[PDB]
Every structure is written in structure tokens, then in C-alpha cells.
Amino acid sequence: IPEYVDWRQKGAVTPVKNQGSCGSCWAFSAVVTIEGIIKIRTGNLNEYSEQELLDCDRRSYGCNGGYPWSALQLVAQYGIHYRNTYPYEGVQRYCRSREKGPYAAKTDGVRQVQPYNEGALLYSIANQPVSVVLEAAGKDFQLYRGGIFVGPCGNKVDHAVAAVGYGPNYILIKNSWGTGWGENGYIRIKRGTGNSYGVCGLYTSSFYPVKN
Ligand SMILES: *[C@@H](C(=O)O)[C@H](O)C(=O)N[C@@H](CC(C)C)C(=O)NCCCCNC(N)=[NH2+]
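Read in the authors' numbering, the sequence shown has 137 at position 137, and its numbers run on one by one without any break.
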């Protein structure tokens, strides 16, 4: 696999979003990976609905948190609507998938990256954007402005984001805190430290969609 990956340069990443106060990171994270694999497989970059996952993933807890895995499983079982059809409201409401017509996109399954394994995660990122989790509660992460982030941070993961690239010393992360945070909404997190957890627990739980 190459020394640099950046799915933005391939036209596979939509603009940075702001989840707001709602605990919907898990849905934002999943949607990044759907937007990416549909571009890779079909050639078209579309925005898909975080709100649909927020409302409709019965295994998750709406704005009280959730699971990227079960959100990705939902898209493989049923599908997902365009963001324009089902825009983001920042609050969980009733599932409205059936009222909004046929699904826009569908995937075929979900896979987990082998946890606590840096190379396995890089391999997956070389193939497509990946849903990953990290510990975002620390002030250092909250206040991040730029550069390759080394912490300080623990491994008590609490925030789902998306890995959309990497380089020799970092993994490139699309966050859902708006374009004013970090590097126009992104953070480069240090890699190669030899800690099996990853910096900020980044290797704890990573999933990606499968699309034939
Ligand atoms: C993430 C965010 O919006 O910043 C959000 O808090 C979240 O989904 N957290 C997850 C954990 C990360 C993905 C590692 C979470 O807590 N998931 C479990 C379900 C939510 C907690 N339980 C209940 N009953 N609400």
C-alpha cells in the first residue's frame, strides 16, 4: 500500500459537517464511509442521510449515542436516502424511510478491521474510508487547531469519526464538528508510536461497508 492516501483528492469525500450538540457522531461516521464506497464503486459522489440512521437504527440510542456497526448494517439490509431527501435536524424523530420513497443507495455488508492493529487499519484505508473511534473528551483534542496531533489523550474512546487517508506519520480523520475546528474540519493523528491502542484509542473499533 502507498505511503500517502487522501480520499479527498479522489473526489470521494463530501464537505465537512457539524453534528451539533446531538450525540449522533456514530451516524456521521457511518455516512462518510457510505459516501466514499458509493463514489469508489459507481463514480458518483453523493451526500447521504445521517438523520435517517439517527431515526431508524433501532440498535442505537438516537442523540444519546450509537454504534457505527449497526448503522452500517442498516444500510446493507435496507439502504439509505440522499441527505437532501432526509436532511439533518439535530434531534431524533420518527423513522421516515418508508414515507420518503425508494432508497438512493444500498450496500452489501459490513466488515470489522482487526482491532489494535495499525497496519490492518492502514490497509483498509487504502481501499476506502473507514469508520473509527477515538477518545475526544480531553481538552487537547477539543482545542486542536492543526498539526500532527500526539495528544495528550487516553484510550477511553467516546467519539466516532472517519479515517479518509494517512501518511508516514499520521492518519487523516474527518470530524463532524464543523469547518472551524482543526484543519478545516480534519485532524491528522500521529501513528507509528507502537501503542497497540493507537493514539487516543484510534485502533479500538473500526468498520467499513462492503459493496459489490
Ligand atoms: C458520539 C458523539 O456524538 O460525540 C456519541 O457520544 C456516541 O455515539 N458514542 C458512542 C461511543 C463511541 C462511538 C466510541 C456510545 O456511547 N455508544 C453506545 C450507545 C450510547 C450510550 N448508551 C445509551 N443507552 N444511550
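For every residue, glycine included, the Cβ atom is placed at its ideal position computed from N, Cα and C.
With fewer than 16 other Cβ atoms from the protein chains shown falling within 10 Å of its own Cβ, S196 counts as exposed. Here the alpha carbon of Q73 sits roughly 16 Å from the alpha carbon of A104. With 5 Å as the limit, the residues whose C-beta approaches a heavy atom of ligand 1 more closely than that are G23, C25, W26, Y61, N64, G65, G66, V133, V157, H159, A160, in chain order.
Distances from the alpha-carbon of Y4 to those of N169, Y94, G65, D140 put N169 closest. Taking the CA atoms as reference points, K100 sits about 7 Å from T85. Counted as a single uninterrupted DSSP element, the alpha helix (DSSP H) harbouring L72 occupies residues 68-77.
With contact defined as three or more Cβ pairs closer than 8 Å, the stretch 138-153 and the stretch 102-120 are not in contact.
When secondary structure is reduced to three states using DSSP, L172 falls in the strand class. Taking one beta carbon from each stretch, the stretch 111-129 and the stretch 147-165 have 3 or more pairs nearer than 8 Å; the two touch. Excluding sequence positions up to five before and after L45, its CB lies within less than 6 Å of the CB of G11, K39, all in the same chain and listed in chain order. For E183, the beta-bridge partners assigned by DSSP are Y186. The count of Cβ pairs closer than 8 Å, one atom from the stretch 23-35 and one from the stretch 124-139, reaches three, so the stretches are in contact. In the three-state scheme derived from DSSP, where H, G and I count as helix and E and B as strand, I34 is classed as helix.
When secondary structure is reduced to three states using DSSP, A12 falls in the coil class, being assigned neither helix nor strand. Here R59 is exposed, its C-beta having fewer than 16 other C-beta atoms within 10 Å. In terms of Cβ geometry, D158 and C95 do not form a close pair [threshold 8 Å]. DSSP, read as helix, strand or coil, puts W7 in coil. Under the DSSP definition of a beta bridge, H159 partners with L134. The C-alpha of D57 is placed about 16 Å away from the C-alpha of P209. Boundaries of the beta strand (DSSP E) harbouring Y208: 207-210, taken from the DSSP string. Burial check for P102: the Cβ neighbour count within 10 Å stays below 16, so the residue is exposed.
Between the alpha carbons of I80 and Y48 lies a gap of roughly 7 Å.
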